[PDB]
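# Report on the structure
The lines below spell out each chain.
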Amino acid sequence: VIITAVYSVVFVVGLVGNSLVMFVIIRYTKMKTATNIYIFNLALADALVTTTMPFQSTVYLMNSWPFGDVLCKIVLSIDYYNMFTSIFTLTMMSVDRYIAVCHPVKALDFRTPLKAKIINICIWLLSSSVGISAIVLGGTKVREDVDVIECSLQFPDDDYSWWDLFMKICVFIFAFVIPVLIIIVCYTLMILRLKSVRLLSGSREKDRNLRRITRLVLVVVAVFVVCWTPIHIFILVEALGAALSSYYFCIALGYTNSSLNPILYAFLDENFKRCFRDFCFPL
Amino acid sequence: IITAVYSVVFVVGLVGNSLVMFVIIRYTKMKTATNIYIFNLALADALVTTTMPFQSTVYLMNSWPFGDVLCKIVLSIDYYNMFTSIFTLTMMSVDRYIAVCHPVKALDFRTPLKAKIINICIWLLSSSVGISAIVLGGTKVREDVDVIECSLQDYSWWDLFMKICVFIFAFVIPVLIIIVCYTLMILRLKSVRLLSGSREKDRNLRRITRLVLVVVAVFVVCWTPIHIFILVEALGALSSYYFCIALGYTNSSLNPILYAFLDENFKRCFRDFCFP
Amino acid sequence: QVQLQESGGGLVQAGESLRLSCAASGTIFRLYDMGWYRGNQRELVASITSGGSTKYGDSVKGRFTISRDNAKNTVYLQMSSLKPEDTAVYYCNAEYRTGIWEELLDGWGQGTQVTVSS
Amino acid sequence: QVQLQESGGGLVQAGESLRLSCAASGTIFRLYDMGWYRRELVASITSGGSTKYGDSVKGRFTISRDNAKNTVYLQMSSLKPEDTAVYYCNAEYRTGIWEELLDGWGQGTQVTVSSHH
Ligand SMILES: CC(C)[C@@H](CN1CC[C@@](C)(c2cccc(O)c2)[C@@H](C)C1)NC(=O)[C@H]1Cc2ccc(O)cc2CN1
Ligand SMILES: CC(C)[C@@H](CN1CC[C@@](C)(c2cccc(O)c2)[C@@H](C)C1)NC(=O)[C@H]1Cc2ccc(O)cc2CN1
Ligand SMILES: CC(C)CCC[C@@H](C)[C@H]1CC[C@H]2[C@@H]3CC=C4C[C@@H](O)CC[C@]4(C)[C@H]3CC[C@]12C
């Protein structure tokens, strides 16, 4: 009934919350942690997917794509850039966290806000592989037995069935499973140190934050897998094999996580919580 | 077109006013006479913010798809907010006059309980004309076009009479009292050095009189174009009408934001409640 | 902001005269009371209201003379027949208000050094 | 959220021997270093039983640990009158795996050495 607004609530949050996270890290100098530079990237990707919230909405109601190619080419790419940039940023966060608590001496030269921006730029280039290509191959095509307009990437019709199923697998495997694996390895090697080590760095304060931020990252990673696992096994079940509203539900979760992350940093960081309070409400 | 801004303002005023309303209850530190009035005014701002789906629904279909019982309720809720809001702004401005121009008599005349009684008296008058909108209001089909109408319903003159009656007693007289109240307060804020004998009372009386002044000033700017519009249309464009309604719904949701920037104590609880 | 500008102190031999000024520069919405305050240092020596009501210290009456120029927001203190007992630091003080809605404030100055030879 | 239980101080004649114990009780995840302080160090011991003694304790004191019972024991031998002070127990704990490293002090147990024999 009133879902037409709760969809706008999330839309504003993910578009304002992430913009806020990006601006705070840019302007305020104290907020240039190696980890925060990664969150800037993640926020950026989340802001972009949030920009496609309306477009995906109108498709829900109308059921046919009514925009132009120039928008189908831009949304389809504003998407691949998000699917890859986000998961490659979490996987680096968790690796950055690994070499922060399981390699404290080497980290004295390996973890720096310049090195992190480099890995962030590197991630957008690797994501451009599939991201720029979507702008090229992105186009609209009238469905055959539907008489509706479809927006999707265009492949040579010679062996469509093959390259489709192969791409889907490589997406699921290399953008949903090899990344999660790395994180699970990262994080096991890490709680094993934290269950027995007395002090990770020289200060108790370093060790206070080293443990604390790694818990934030673990919660961000946790929310991500929970929201992103249903859609990934759904794109893969329909490939190897009907009034299925599951597709919009699994997209609902994925758009929740886009808007949930600005709030998670505000809740799981005493620094983000402090920078917001001294920005929105300067006492 | 883009319509999320309408839903955006719906949640700010529904959550803000209910936050403003909760903070005064839970935290005993800020149960002030002025905040009893702000509570009352947020309560109004909350109740009229629960009609925004109704207004949008009528905006698209151009008709009343709800029943008559939901046409009478929202007509009720509409007047209760119309009168409660302006009568609360008039009694804050009188409260403020007493606070800065009559300090000797404000020791015994500005107790938060006394504020409650005056705000109880305000709802008695306002729901009284909100009970009449239940009687007078109702559903009916327009003569020619096939569209349901939710309005007040025996003579077309008594409609222009009541509208004139509302303009005089719900807007013009109350604004005359505020205009007067603040004319005498600004003289004494400029003439007097130390207002209440304590350099901290003086700061607070001045700081909070500015808060009410903005809150009132914002309120007339939002409600002037809608009040002169219902009176001009009685002497007988539609895109102007909704821009007069958008102003009034914006005001209902601005007030929480205004308390945050104008009151350091509201600014302080929005922090420890949102960012502990 | 507001800044108190002081001038007129220094080393001087006894029985000589000095003159102290204190201008209140800055965003002043209304100045209220300006004055000079020489164990604990803070002790009244001369204060004048914006009307002209003066009040001198017990020891300073008869020799010092305070005067206010409301047009220039400056106050002047004419010290005559100085003695070595009068040697101290003299701090200037102004009650001002930056705006209609702002609080009342008490602004001190850096301090002027006076050292009367015997 | 940590309670310590101390024992074994009091009045004793010089060249006599005492024994202190300290029991770390509470809701904790893992204890790290327990030891006795007086505030200079006298004796401390890790989870792995590696011990560190103050310079004023020329092998006279010896500190054991029972990790099973979260208790640390200080065997003080050959007491001198220059040992009279308040002996504070210390227990490093962590309220949870992601949480901060912080220790908790004990009430203290008074030890007094006097005269001779
Ligand atoms: C929020 C995330 C989960 C959305 C964002 N995306 C959702 C679908 C979208 C790309 C789109 C584009 C064009 C038409 C249309 O109906 C929908 C546009 C609304 C934006 N993207 C996706 O769902 C990802 C999910 C996914 C999973 C497996 C796979 O092999 C490829 C893909 C690519 N789209
Ligand atoms: C927030 C404010 C600006 C809205 C509240 N809004 C007004 C429109 C509304 C009453 C409604 C109810 C039923 C049908 C319909 O089309 C509209 C419902 C959505 C509530 N109230 C009004 O517009 C006030 C304005 C006004 C001005 C003069 C006068 O004599 C009577 C009235 C009563 N309606
Ligand atoms: C439109 C509605 C609010 C009309 C309300 C009328 C009454 C209740 C209001 C309107 C004018 C108000 C007065 C305005 C100013 C003064 C003078 C002051 O020395 C004592 C309070 C007193 C006397 C106020 C009491 C309340 C008051 C009398």
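Residues numbered from 1 in each chain as written, not as in the entry; some residues may be left out. Chains lettered and ligands numbered in written order. Heavy atoms only, no water. Residues with missing side-chain atoms left out of burial classes, pairs and counts.

Per the deposited record, determination of this structure is attributed to X-ray crystallography, with the resolution reported as 3.3000 Å.

The PDB entry annotates chain C as Nanobody 6 of Lama glama.

Per the PDB entry, chain A goes by Kappa opioid receptor and derives from Homo sapiens. The record in UniProt for chain A states the following under Subunit: "Interacts with NHERF1. Interacts with GABARAPL1." (UniProt positions renumbered as here; feature names shortened; annotations may be inferred.)

## Details of the pattern of salt bridges
Measuring nitrogen to oxygen at the nearest pair gives 3.7 Å for the salt bridge that ties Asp263 of chain B to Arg207 of chain B. The partner of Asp86 of chain C in a salt bridge is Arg63 of chain C, and the shortest N-O contact between them spans 2.5 Å. Separated by 23 residues along the polypeptide, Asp86 of chain C in the loop between β8 (74-79) and β9 (88-97) and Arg63 of chain C in the loop between β6 (54-56) and β7 (64-69) bring together distant segments of the chain. (Salt bridge = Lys/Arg side-chain N within 4 Å of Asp/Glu carboxyl O. Helix = DSSP H or I, 4+ residues; strand = E, 2+ residues; numbered from the N terminus.)

## Concerning the pairing of strand β8 (residues 71-76) of chain D
Residues and elements named next belong to chain D. Both strand β3 (residues 18-26) and β8 contribute to a ladder of six bridges, which runs antiparallel. Counted as the bridge partner of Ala23 is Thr71 from β8. Across six bridges, the pairing between strand β7 (residues 61-66) and β8 is antiparallel. Residue pairing in the sheet places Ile63 in a bridge with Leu74 of β8. In this antiparallel pair of consecutive strands, β7 and β8, the connection spans four residues, and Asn70 shows a positive phi of 45 degrees. (Pairing = 2+ DSSP bridges.)

## With respect to the packing of helix α3 (residues 52-61) of chain B against helix α9 (residues 238-262) of chain B
All names here are of chain B. In the contact formed by α3 and α9, the axes pass within 12 Å of each other and the chain directions differ by 165 degrees. Between α3 and α9, the angle is such that the two are roughly antiparallel. The chirality of how α3 crosses α9 is left-handed. Residue-level contacts link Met52, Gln55 and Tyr59 of α3 to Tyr241, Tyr242, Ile245 and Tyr249 of α9. Classifying every residue of the contact of α3 with α9 gives six nonpolar, one polar and no charged. (Axes fitted to C-alpha atoms, helices over the stretch in contact; angles between N-to-C directions. Parallel < 35°, antiparallel > 145°, perpendicular 65-115°, else oblique. Left-handed = near helix turned anticlockwise from the far one by under 90°. Contact = heavy atoms within 4.5 Å. Nonpolar A, V, L, I, M, F, W, Y, C, P; charged D, E, K, R; others polar.)

## Let's talk about unusual backbone geometry
Positive phi outside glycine occurs at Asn63 of chain A, with the angle close to 80 degrees. Along the chain, the position of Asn63 of chain A falls in the loop between α3 (53-62) and α4 (69-101). Residues other than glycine seldom take positive phi values, yet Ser81 of chain C does so here, at roughly 50 degrees. Relative to the elements of secondary structure, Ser81 of chain C occurs in the loop between β8 and β9.

## Thoughts on the interface of chain D and chain A
Contacts between chain D and chain A engage 13 residues on the former and 16 residues on the latter. Secondary-structure elements contributing two or more residues to the side of chain D that touches chain A are β4 (30-37), β9 (85-94) and β10 (102-105) of chain D. Sorting elements by how many residues they give to the side of chain D that touches chain A places β4 of chain D first, with three residues.

## Considering the side chain of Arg68 of chain C
Residues and elements named next belong to chain C. Along the chain, the position of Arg68 falls in strand β7. A polar side-chain atom of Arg68 sits 3.1 Å from the main-chain carbonyl oxygen of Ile48. With near-sequence residues (within four places) excluded, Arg68 lies in contact with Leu31, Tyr32, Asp33, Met34, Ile48, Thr49, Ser50, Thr74 and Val75. (Polar contact = N/O pair within 3.5 Å; in protein donor to acceptor, adjacent residues only side chain to side chain.)

## Some words on the state of the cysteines
There is a disulfide in this structure between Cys22 of chain C and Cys92 of chain C, and the S-S distance comes to 2.1 Å. Taking the sign of the torsion about the S-S bond as the criterion, the disulfide between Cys22 of chain C and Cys92 of chain C, at about -95 degrees, is left-handed. Between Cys101 of chain B, a free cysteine, and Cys181 of chain B, which holds the nearest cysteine sulfur, the sulfur-to-sulfur gap is 8.4 Å. (Disulfide = S-S within 2.5 Å.)

## Here we look at the arrangement of the chains
Most contacts, when the three pairs of chains in contact are compared, are made between chains A and D. The least C-alpha distance between chain B and chain D, which are not in contact, is 18 Å. Chain C shows no contact with chain D. Their nearest C-alpha atoms sit 38 Å apart.

## Focus: the environment of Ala46 of chain C
All names here are of chain C. With respect to the helices and strands, the residue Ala46 is situated in strand β5 (residues 44-49). Once the C-alpha coordinates of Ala46 and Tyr91 are considered, the two residues, 45 residues apart in sequence, prove to be 11 Å apart. Setting aside anything within four residues of it in sequence, one finds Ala46 in contact with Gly35, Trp36, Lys55, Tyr56, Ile66 and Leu77.

## Concerning the interface of chain A and chain B
If you look at the interface, chain A gives 16 residues, while chain B gives 13 residues. Going through the elements one at a time, α1 (3-27) and α10 (270-280) of chain A are the ones with two or more residues in the side of chain A that touches chain B. It is α1 of chain A that contributes the most residues to the side of chain A that touches chain B, six residues altogether. Classifying every residue of the side of chain A that touches chain B gives 11 nonpolar, two polar and three charged.

## Considerations on the UniProt feature "disulfide bond" in chain A
With its sulfur atoms 2.0 Å apart, the listed UniProt disulfide between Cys72 of chain A and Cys151 of chain A is closed in this model. On the criterion of sequence distance, the pair formed by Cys72 of chain A in helix α4 and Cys151 of chain A in strand β2 (residues 149-153) is long-range, its members being 79 residues apart.

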